[PDB]
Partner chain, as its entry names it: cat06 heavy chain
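Only one chain is shown below, in structure tokens, and it's the form solved without its partner chain.
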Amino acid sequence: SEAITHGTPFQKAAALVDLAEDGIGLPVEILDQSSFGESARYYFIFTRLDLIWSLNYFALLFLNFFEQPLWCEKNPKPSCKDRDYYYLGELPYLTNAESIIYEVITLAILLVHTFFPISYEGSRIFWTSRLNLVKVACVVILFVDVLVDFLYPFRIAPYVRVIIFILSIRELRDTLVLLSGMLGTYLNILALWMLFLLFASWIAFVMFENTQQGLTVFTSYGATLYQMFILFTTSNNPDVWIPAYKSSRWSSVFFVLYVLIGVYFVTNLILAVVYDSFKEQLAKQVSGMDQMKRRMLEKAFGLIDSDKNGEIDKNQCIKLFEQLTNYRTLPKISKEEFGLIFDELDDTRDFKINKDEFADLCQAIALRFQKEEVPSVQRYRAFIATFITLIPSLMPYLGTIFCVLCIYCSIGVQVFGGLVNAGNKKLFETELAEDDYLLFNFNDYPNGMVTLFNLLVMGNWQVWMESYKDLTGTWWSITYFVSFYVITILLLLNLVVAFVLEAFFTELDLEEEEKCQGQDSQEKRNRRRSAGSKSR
């Protein structure tokens, strides 16, 4: 009945479906847990105990990562008029008595989660893992800031509480691999983007240095790199160039052509690269998954074959479909599937004897049958097939961005803290006061979390920018809001706009071939997929 616990039995025909199930649904057994001579030791007994308790672990992660909004501003301590909310937010701030209660519970599960794969890896393997020295070093930094906050800089706990949450889920770590391979392409297209703003902030400063434009908005060259940056974003379109329009009507020809080249030529070609870098980096992940599948099926192959000659006979395959617990009657399948597998050796009268034959067989049952069952509108179809596929497909690629904003909030709370006050006199002339944003704030953590969202939508995103270049007084605040743009024109065009285009072309292709596959043959022909995945 219950096929959950299996490492302690694991017969020669039963420890197949330990490996043959995990090759289908694609989980991971660790490579140290895979390379054993026995492959059913107390390592593997303790390993599936990690996957049992997994719902405790993610519930710790969102405990640790939703900690930060409930917790105090960096500076209420120098602040005058502390408790009275000057545009703060309605969430409570957990007190110092409430501090050690919430972090020690959080570390009591993180210390279990980090030092658990010692129970199935060697200490020369665990400590030489390099995605796991990172995860241990993140714990010790939290263990400092627990005990420092107990026994009483800028307190780098809330940055580490993100990076633990990034590395601990596989999806957000699998995503972040792509953003390292894409980064060597994106920085070149960033470098030919900055050249576009610089060469066209020069002509916009050459042309208008005499007139009523350069008297008013385009004074210094550093305030035409800055303005023409915001025109590239479109979000300041007619306001930049009214007094160059009002003076000579012909100066729209500069500005209606720069935004035309800027937004409709370059911005699609930053999208084109970051989509074309995605297609190569996604292929490097999927082939990084099939070698994980082939390195599972090769374990399943040699587990059955006793002499390890390199082959398995037909009768030695017939016993597997019953071990699969898949279909009712056995002998009508394996000889039927032999022709269905694209190449049969026919060196013996019955068997096809290779390793690569089985590694395609166990996946060939997967696409067709789905008969395991572990007991424990045509007009609108291609749109809502994708649109419902994309609620869990963009949970990593919109989870990375929610982690990028949990960093910029935590930077942006600290750099830009209790400045929007009720009584800051620079504020009441800014664009925050006149547009009455005066909230969307940065004065706390969740005030900042929303504000980065409006900066992410680009809905009037320069109101916040040009206020904090006047509240902080420096032009160095500009680099907070330019780096949000740059990093999230990868992340909003990689991870989303390139993904939702490819996600449509799957649920197009599954509609364009479902008319073809059901009419081409009664059974599935495998190489049409070999020409179909490389088709577009």
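Just so we're on the same page, rigid core means the largest C-alpha set that superposes within 1.5 Å between forms. Shifts are known only where both forms have a C-alpha. Positions refer to the first chain, counted from 1.
Visitor: Unmodelled stretch from the deposited sequence between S376 and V377, which bin: none, 1 to 3, 4 to 9, 10 or more?
Guide: Unresolved stretch here: 10 or more residues.
Visitor: Answer with none, 1 to 3, 4 to 9, or 10 or more: how many deposited residues between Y152 and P153 are not present in the coordinates.
Guide: The entry has 4 to 9 unmodelled residues between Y152 and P153.
Although it is not shown, the form solved in complex with its partner chain is what the next lines describe.
Visitor: Work out which of the listed stretches, 348 to 356, 110 to 118, 72 to 80, 126 to 134, brings a heavy atom within 4.5 angstroms of its partner chain in the entry with it bound.
Guide: Residues of 348 to 356 come within 4.5 Å of the partner.
Visitor: I have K12, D18 and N326 flagged as a candidate spot, so tell me whether each of them has a non-hydrogen atom within 4.5 Å of its partner chain in the entry with it bound.
Guide: Checked in the entry with it bound: no contact with its partner chain for any of the three.
Visitor: Can you tell me whether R173 touches its partner chain? I mean in the entry with it bound, with a 4.5 angstroms heavy atom cut-off.
Guide: Outside the cut-off, so no.
Visitor: Would you please decide whether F301 lies within 4.5 angstroms of its partner chain in the entry with it bound, comparing each non-hydrogen atom pair?
Guide: Judged by the heavy-atom cut-off of 4.5 Å, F301 is in contact with its partner chain in the entry with it bound.
Visitor: With the cut-off set at 4.5 Å between non-hydrogen atoms, does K426 touch its partner chain in the entry with it bound?
Guide: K426 lies outside the contact set for its partner chain.
Visitor: Classify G288 as contacting or not contacting its partner chain in the entry with it bound by the rule of any non-hydrogen atom within 4.5 angstroms, answering yes or no.
Guide: No - in the entry with it bound, heavy atoms of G288 and its partner chain never come within 4.5 Å of each other.
Visitor: Which listed residue (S483, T474, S35, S54) meets the criterion of a heavy atom within 4.5 Å of its partner chain in the entry with it bound?
Guide: Looking at the other structure, the residue within range turns out to be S35.
Visitor: Name the residue from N309, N315, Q370, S180 that puts a heavy atom within 4.5 Å of its partner chain in the entry with it bound.
Guide: None of the other options qualify; the answer is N309.
Visitor: Just list the residue ranges, at least 3 long, where Cα displacement is 2 Å or more throughout between this form and the one not shown after aligning on the core.
Guide: Flagged stretch (3+ res, CA at least 2 Å): just 351 to 353.
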